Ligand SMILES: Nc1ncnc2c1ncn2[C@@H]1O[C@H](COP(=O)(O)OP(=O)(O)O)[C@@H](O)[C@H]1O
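First comes one chain, alone, set out as structure tokens in the form deposited without adenosine-5'-diphosphate.
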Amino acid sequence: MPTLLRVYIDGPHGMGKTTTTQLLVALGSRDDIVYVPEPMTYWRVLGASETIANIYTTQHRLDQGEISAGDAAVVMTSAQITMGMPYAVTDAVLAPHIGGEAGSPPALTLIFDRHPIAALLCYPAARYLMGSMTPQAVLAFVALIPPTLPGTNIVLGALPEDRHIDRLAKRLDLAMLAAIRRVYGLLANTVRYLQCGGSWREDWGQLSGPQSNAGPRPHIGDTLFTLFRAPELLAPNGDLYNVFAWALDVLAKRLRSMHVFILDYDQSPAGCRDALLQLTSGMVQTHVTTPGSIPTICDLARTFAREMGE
């Protein structure tokens, strides 16, 4: 069987992900690489009306005290369903075609503009930090994350906050940028922690008060688990209710088999592109399940690109 290489470009917005991705797609032959872009059209029209604008409006409303936390949460929870739809449905139809891992050329390369966890974990978690979402709803999105498919290569990105703020500026919510930057830092640390043998249940008690595929085992306090210590999730004895505890187990199982890589976005567009290109070399590939999986997968991505990317 032919092999496949799936690469999910994710991380906080405004670092140059899209540009970088397209520069990488432009290098390869017409059909040996395909790009599944940001489904902006689904977010602005198909799934609902201007989903991004509504989110930023709601937070602003909440900040000025024009609405309550409860109102904010209801809107954000509903908007993240809508924000993650396209990633979720894409994962579900792609799944059956994915076979086991081959090893670090590929008959097909799929570059995605983000992964499901972006909408089912990171943004929600970041909204929790902004007070616009409850920790319970975040764990609800976490329990709904699709089984992590083999060969899940995810590229997170590092960019100094001052450069980030600059690049991002053309609203401008700096509190949110800080929160999304923190959430993605926590995330990469969570993957290394879990890959190093870390057991949240065993280290839980170390709670009080970034490298993904390199370095020593991070402290649970530097992982995503610490966000989930909120009083809402704590039983009268101080311990996590089992429902939320089990959601934390799902979060571990989903991230542990992922392959995360860090891309230095503090360089030029072509610099980023080559940088991303070099990184693909150590990324795990998988076999497809049927002979007709490659063509089918291309159609799916092109169709997705045409209907939802612009």
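Here the rigid core means the biggest group of C-alpha atoms that line up within 1.5 Å when the two forms are laid on top of each other. Residues that one form lacks are left out of the comparison. Sequential numbering from 1, following the sequence displayed.
From this point on, the text means the form deposited with adenosine-5'-diphosphate bound, which you will not see here.
Residue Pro269 is the only one of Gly28, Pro269, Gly70, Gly282 with a heavy atom lying within 4.5 Å of adenosine-5'-diphosphate in the deposited complex. Residue contact with adenosine-5'-diphosphate in the deposited complex: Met15 places a heavy atom within 4.5 Å of it.
Within 4.5 Å of some heavy atom of adenosine-5'-diphosphate in the deposited complex lies at least one heavy atom of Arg163. Remark: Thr289 does not count among the residues lining adenosine-5'-diphosphate in the deposited complex, judged by a heavy atom distance of 4.5 Å or less. adenosine-5'-diphosphate is not shown here, but in the deposited complex it comes within 4.5 Å of a heavy atom of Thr19. In plain terms, the part of the chain that comes close to adenosine-5'-diphosphate in the deposited complex, with a heavy atom within 4.5 Å, is 261-269 out of 237-245, 61-69, 261-269, 274-282. Annotation: the position in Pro269, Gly28, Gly70, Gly282 displaced by at least 2 Å at CA between this form and the one not shown, with the core superposed, corresponds to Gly28. In sequence order, 26-30 is the sole run of at least 3 residues present in both forms whose Cα atoms shift by 2 Å or more between this form and the one not shown once the core is superposed.
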